[PDB]
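Comments concern the structure below.
Numbering (this note's numbering), first residue to last: 3 to 289.
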């Protein structure tokens, strides 16, 4: 139940950069246990910014849950460095993220695969919700491919554990993935399990469009007022009215009108067992 290992930042050798963003940077690296000569390849995700004692406490709480995940669709935290800068130690994911996968396999991805990825992502989110984690970071670039049949949700220190009494999380200022965020989050910096549902919706949009960019063209600044105007992301060309109407429910203004992750698992599960009733892909069953 409590498995989290806290390691010395001196036990890691960075080897190459796998990626970098605003929020931090992922290294291909090497763990070398102190007192040991064995070297073991890890991914090292270290946060761009330094953190307050409050920030660390929250990352530390979330980290203890992450280090103990049962679920096939969430990446387990291997270890953590609470040194100068925080570093999450994750297992290497050589296929990379689902966002990349769908962009360069666009022509061989069938309705069956898309709908299965949605079920798996929802299962991982539903499980995180049971562990009381609000993910705050769900996007296609944060779903990793273990095999094309098997995807996993990963975290970069942004998830937040909720006290047994709490239903919200109110966040500080800073950089945010504003085009994946529920409107409450953008307006009031409040996050809940239901704002996670909003992001699931955008992530499913990302997949159904084979890697399209959300609100591409609009600056972050307008997003809030465009959503207030009623605009949402457009219906993807392969979506039936049934799939799209679900995305639209994920982007409802009242977060209690959005579906639950357990309902999302049920809907996409039935769709997943008759893919061609719901997605209209050209050459679909020829892939």
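For each residue, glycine too, the CB sits at the ideal point set by N, CA and C.
For residue 263, the enclosing alpha helix (DSSP H) has its first and last residue at 263 to 274. Straight-line measurement puts the Cα of residue 58 at about 8 Å from the Cα of residue 84.
Counting only residues of its own chain and dropping the five nearest sequence neighbours on each side, residue 26 has a CB closer than 7 Å to the CB of 47, 48, 49, 50, 158.
Put simply, the backbone Cα of residue 108 is about 17 Å away from that of residue 216. Collapsing the DSSP output to three states places residue 22 in a strand. Below 8 Å, enough C-beta pairs join the region 257 to 268 and the region 197 to 210 to call them touching: three or more.
Around the CB of residue 172, fewer than 16 other CB atoms lie within 10 Å, so the residue is classed as exposed.
Taking a contact to require three or more Cβ pairs closer than 8 Å, the region 54 to 74 and the region 97 to 105 do not qualify as touching. DSSP, reduced to helix, strand and coil, places residue 190 within a helical segment of the structure shown.
Assigned with DSSP and collapsed to three states, residue 114 falls in helix.
With a cutoff of 8 Å on beta-carbon distance, residue 13 and residue 35 are scored as near each other. Assigned with DSSP and collapsed to three states, residue 71 falls in coil, not helix or strand. The shortest C-alpha to C-alpha distance from residue 160 to any of 152, 140, 153 is the one to 140. Taking residue 9 as the centre and dropping the five residues before and after it, the same chain places the C-beta of 33, 81, 82, 83, 91 closer than 8 Å to its C-beta, in chain order.
Look at residue 142 here: in three-state DSSP terms it is helix. In the DSSP assignment, residue 251 falls within the unbroken alpha helix (DSSP H) covering 243 to 252. According to DSSP, residue pairing for residue 209 in a beta bridge does not occur.
Nearest C-alpha to residue 165 among 131, 266, 40: 131. Judged by DSSP secondary structure, residue 104 falls within the alpha helix (DSSP H) whose first and last residues are 100 to 105. The C-beta of residue 231 has fewer than 16 other C-beta atoms within 10 Å across all chains shown, which makes the residue exposed.
Per DSSP, residue 225 is one residue of the alpha helix (DSSP H) stretching across 222 to 230.
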